[PDB]
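The chain that follows stands alone, in the form solved without the partner chain, written as structure tokens.
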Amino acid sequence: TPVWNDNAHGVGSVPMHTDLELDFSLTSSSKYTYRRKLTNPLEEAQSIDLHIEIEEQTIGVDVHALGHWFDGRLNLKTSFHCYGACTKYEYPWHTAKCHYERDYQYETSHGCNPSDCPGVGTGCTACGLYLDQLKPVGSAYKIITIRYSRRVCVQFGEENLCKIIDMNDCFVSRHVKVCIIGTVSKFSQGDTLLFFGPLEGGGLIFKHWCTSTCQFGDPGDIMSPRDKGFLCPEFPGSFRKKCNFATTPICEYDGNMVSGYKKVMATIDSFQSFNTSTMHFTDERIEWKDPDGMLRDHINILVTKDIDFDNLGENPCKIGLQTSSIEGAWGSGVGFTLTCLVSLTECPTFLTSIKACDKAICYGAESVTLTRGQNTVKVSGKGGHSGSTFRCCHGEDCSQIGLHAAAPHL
């Protein structure tokens, strides 16, 4: 007959036995303070101090750091040899990391050879694109997860408790409930964030940063994912070997010659800027306060000063947790799966959530009806970094160790 459930964060109240409600829309980038002495209905001399502090909305974005985007120049060169294969010779652009070579091998001809070359069906002409004058222009991050929150601190008498409350969650105590309800549509999973400078100031949102196909001229075309090594873009155009009697062959390329950075700068007003305050970069995560004062969320504060609220998640069930295994990747939009061994006592069943967390950041959660004794629970998550040890958690309680996920993009 009993069916305990702690997935409800909130309270049951009797509207005539509630003493105070605050209900308001609050600028997302503003704090709010409420201070009041709660006094007995002219029917005593014992007041209770109420002090509520709500901090500015923070955004937390789990990301994959994509490294730096580069500007550069596309150069074209020609190399000719009357005799020999194309592997027999070293070309100038061979040291250039990003290059495109077209080999006109065993194709020497009368009206396309230089004067000293009586060759026919021999040798090699080389047309050769390369990127040079490379310069990093910004740091890019792929959005994996977006979560907004406010830190909420409530003092009621001598009770004092602070919690970080996620948007669309509630702070619950015996005498005070604080619920935050909101929506924001500025950032989307999959968006790529570009920071041009030491941009504790702002950046740009790109909705079409190249991923599976990068061609020269695309946003994100020339990337260096770490300190060294480029992920080079494609050059989809064609070469032409321009021929002439007694003259060295000359290469042409008929594709786009303008870098992605220049093309984007040329129409920069087409792209959306965002601003930031009190940034905090950590590995594969960015947190900040968005100072956009046009955005608001809804706050509701309910206070009962005598009889306790009915905490809707109250239960006698007790949970023990340890990790069993993990699969999948950090820094990945596909994510990972953490397998937990979860022991339930003091209840026949318990409907709750088991979370994958590390250092008080949670990356995934699974709702589950546990049965008395041992349970195996798989938790899907996204985010984290190579040093993350994902732990199995219930409420504020976590396993003693966590597990590392695998790296993405291997």
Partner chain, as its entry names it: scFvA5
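Residue numbers count along the first chain shown, from 1. Rigid core: the largest C-alpha set superposing within 1.5 Å between the two forms.
Comparing the two stretches 300-308 and 90-98 by root mean square C-alpha distance in 5 other deposited structures of this protein, with all structures fitted on the core, the more displaced one is 90-98. Missing-residue comparison: residue 83 falls in the unmodelled set for a third or more of the other PDB entries checked. For residue 118, the record comparison shows coordinates absent in at least a third of the other entries of this protein that model its neighbours. Looking at mean Cα B-factors across 367-375 and 65-73, the upper value is held by 367-375. Mean C-alpha B-factor is higher over 191-199 than over the other stretch, the pair under comparison being 335-343 and 191-199. In this entry, the residue among 110, 163, 142, 186 with the greatest C-alpha B factor is 110. Remark: of 318, 285, 94, 296, 94 shows the highest value [criterion: C-alpha B-factor in the PDB entry]. In this PDB entry, residue 399 carries a Cα temperature factor that places it within the middle third of its chain's modelled residues. Among the modelled residues of its chain, residue 262 has a C-alpha B-factor that falls in the lowest third according to the deposited record.
Ranked by Cα temperature factor within the chain, residue 206 sits in the lowest third according to the deposited record.
In the PDB entry, residue 174 places in the middle third of its chain by CA B-factor. Among the modelled residues of its chain, residue 362 has a C-alpha B-factor that falls in the lowest third, as given in the PDB entry.
Below, we turn to the form solved in complex with the partner chain, even though it does not appear here.
When the partner chain is considered in the deposited complex, only one residue from 193, 131, 154, 127 comes within 4.5 Å through any heavy atom, namely 131. Shown without its partner, this chain lists 317, 223, 321, 96 as candidates; in the deposited complex, only 96 has a non-hydrogen atom within 4.5 angstroms of the partner chain. Looking at residue 197, you'd find every heavy atom of it more than 4.5 angstroms from the partner chain in the deposited complex. Interface membership of residue 281, defined by any non-hydrogen atom within 4.5 Å of the partner chain in the deposited complex, is ruled out. The partner chain in the deposited complex is approached by residue 73, whose closest heavy atom lies within 4.5 angstroms of it. Looking at residue 173, you'd find every heavy atom of it more than 4.5 angstroms from the partner chain in the deposited complex. Residues from 223-260 that approach the partner chain in the deposited complex with a non-hydrogen atom closer than or equal to 4.5 Å are 227, 229, 230, in the order they occur in the chain.
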